[PDB]
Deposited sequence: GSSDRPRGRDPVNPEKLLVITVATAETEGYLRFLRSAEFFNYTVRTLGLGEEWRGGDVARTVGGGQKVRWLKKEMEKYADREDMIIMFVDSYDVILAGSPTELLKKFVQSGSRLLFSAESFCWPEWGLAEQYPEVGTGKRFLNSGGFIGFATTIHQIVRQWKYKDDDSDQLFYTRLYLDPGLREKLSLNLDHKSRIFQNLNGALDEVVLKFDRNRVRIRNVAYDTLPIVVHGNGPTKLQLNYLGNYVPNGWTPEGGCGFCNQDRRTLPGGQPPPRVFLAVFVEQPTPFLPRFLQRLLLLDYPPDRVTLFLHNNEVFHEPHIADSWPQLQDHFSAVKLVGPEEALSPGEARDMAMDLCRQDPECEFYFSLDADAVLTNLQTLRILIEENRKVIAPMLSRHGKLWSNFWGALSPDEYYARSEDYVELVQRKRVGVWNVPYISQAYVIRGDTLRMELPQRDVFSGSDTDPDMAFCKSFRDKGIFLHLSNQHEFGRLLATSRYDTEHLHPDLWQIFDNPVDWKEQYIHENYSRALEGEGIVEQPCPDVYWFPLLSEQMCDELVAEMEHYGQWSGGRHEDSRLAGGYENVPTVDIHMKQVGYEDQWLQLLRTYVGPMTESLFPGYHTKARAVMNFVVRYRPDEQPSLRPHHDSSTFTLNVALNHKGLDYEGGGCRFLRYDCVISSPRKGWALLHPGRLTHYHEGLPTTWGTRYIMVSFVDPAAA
């Protein structure tokens, strides 16, 4: 049994990057003792993500090893730090090192590099990896000193080639007992072996298993183009997310910092007035928030103009960049982000897109408390898997589904996740914009999509893109085929955005009245009365009818039964709102009717759907008649007294009169046999009603 007190882990890090801190946390989880070489210094090893190099690591190790030149009692493991996480304990590590029978065990990998021609010099191995990788090795301090002290090359020379050439010396390999971890018993390099690595879960920790060799590696090395795969594994291994503990680093539980809030409207997006009004409700001191709003659509200029006085009176400062600036989305996002970068008072930058609905008013706070450089709240299309983040990339950096993507979207696993792509909503530390991403062309510069260029700019600097589903934050609006050719296009959004359509157009008490609690009334026998449409729905529907303007006249025929009984009206089929109103009937009127008439079942068929107009100059009344319907829906659309004077509906066989109709409320009565009824004359103004003969 080798004493873990004799094991020392040595790594190299020229800065306390997020990858290096992720490495330290994994090492501290297993009580490793780690010595970091070169924290204050400048990396002279060259662009290691582009070419070969890393010789500066050997120079610092060689210098460090001189004081351990005679320490046969010490075992030393050298690993990278930016793309390495530890998955096993020092006891299991030293046990496996002794089992190898080696005095200096390098990591093995599938590829022979930098020089391919050296592959013939390598010993033959059956099913295991054959070639050396210098990203991780472990051995006696004396044996390691005898290897690293031969370093005498440039900082930007290849350390992999240096260790490879020494290993391929047949005499030296035999003398010092050099070996390679062929079956990944200790070191797991990810490049060329992604299909061999899977997550092995435990109650309060997560490891990886090599299914090719049935091993549980100690060191996980995301060498080469496997940085994103290591980011994925790093969200779990070793204590990132556990089945019984949840996240292992997230929160899960004085003036606040000043924030630049940037709003982007880059396409015609539904319910923008609701979004602009929602900005006033975000739970963050508005005296600490500066508002930037770029609107690329002339369709939204009136929406922005109506809300701008309230916004300017609310926030510390406001600035609108309208469509007349001819700014591309990438130029506008570069401009807003740079306004925060070039302002030392901007402590955090909050970028919120117009299709992002923030149901959680505490979103800005929660993200700032997470204390990340870049963090995004998880927002999803309602009922769908589409969301504001990607779990994986294709090699061409297009979308790909990750193994745990559906678990994250469905919030089977909650926490703060390191993901390759975020969009639509993210909070970025101001210091990071100045110290690490100082360039202007973050979203622009290339023919790639501005959102992809943004994420790729931070990945190229090793900046993690975090995503939190720790709380419910909101949803994403559908903006795909938003038909703008309407006086009020949001009336037609019942299919694409039903949740927001209900909150805007369905009466705020429809739900409460549907569960009971004594809101629905029965003013006349078997004539029920419930709130259905909001006042905004009534005003926009009436306005949409008058904008059409072609009301009924003579010769018009309706499905009424008396003794022809027409009305001056506009059918939904004429204005193209039939499919929309039939959806309202199925979703909202159908279930209400079955609750008020127990035993009846409805699919809400209705061929007759129309808005009637009553006026003293036109048709002020509607003589007694029946309806070609099982039951009739009768919704008022304006106010009595304010908009019109005159009676409503009278049911003759009961001597009962609905004299004072309520605007958004709807009447529900049988249409045949029993409820012979008549519309009382409108004596002043104009009376609008919406009526459907459902189940004919």
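Where C-alpha coordinates are absent, the deposited sequence of this PDB chain has the segments 1 to 10, 264 to 270, 581 to 583, 717 to 719.
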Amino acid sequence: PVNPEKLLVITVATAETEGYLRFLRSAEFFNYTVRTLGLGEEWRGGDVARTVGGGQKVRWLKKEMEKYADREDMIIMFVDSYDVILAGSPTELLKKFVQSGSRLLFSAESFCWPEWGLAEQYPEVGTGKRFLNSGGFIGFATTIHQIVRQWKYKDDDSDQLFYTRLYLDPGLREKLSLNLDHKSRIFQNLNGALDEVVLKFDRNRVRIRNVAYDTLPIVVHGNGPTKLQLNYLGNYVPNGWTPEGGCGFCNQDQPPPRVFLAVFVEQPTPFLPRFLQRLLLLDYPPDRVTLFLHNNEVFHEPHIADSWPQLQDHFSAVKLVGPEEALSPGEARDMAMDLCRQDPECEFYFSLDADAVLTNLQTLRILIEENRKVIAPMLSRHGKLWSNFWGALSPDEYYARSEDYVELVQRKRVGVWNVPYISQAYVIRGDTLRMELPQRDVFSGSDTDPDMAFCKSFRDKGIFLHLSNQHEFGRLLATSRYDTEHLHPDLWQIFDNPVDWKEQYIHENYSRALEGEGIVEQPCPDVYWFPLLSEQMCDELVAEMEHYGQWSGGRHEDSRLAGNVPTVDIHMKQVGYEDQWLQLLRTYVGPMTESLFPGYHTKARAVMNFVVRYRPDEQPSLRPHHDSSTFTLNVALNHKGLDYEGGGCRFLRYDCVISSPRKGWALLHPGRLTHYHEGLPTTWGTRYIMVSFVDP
From here on, numbers count along this sequence of modelled residues.
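Look at the mean CA B-factor for 454 to 462 and for 98 to 106 in the entry; the higher one is 98 to 106. Averaged over CA atoms, B-factors in the entry run higher in 394 to 402 than in the other of 345 to 353 and 394 to 402.
As recorded in the PDB entry, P170 shows the highest C-alpha B-factor of the residues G139, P170, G415, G192.
When the C-alpha B-factors of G117, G430, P270, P90 are ranked from the entry, the top spot goes to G117. Compared with the other modelled residues of the chain, the Cα B-factor recorded for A13 ranks in the middle third. The PDB entry assigns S328 a C-alpha temperature factor belonging to the middle third of its chain's modelled residues. Ranked against the other modelled residues of its chain, the C-alpha B-factor of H488 as given in the entry falls in the middle third. Annotation for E28: C-alpha temperature factor in the middle third relative to the rest of the modelled chain, per the entry.
When the modelled residues of the chain are ordered by their C-alpha B factor, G554 lands in the highest third.
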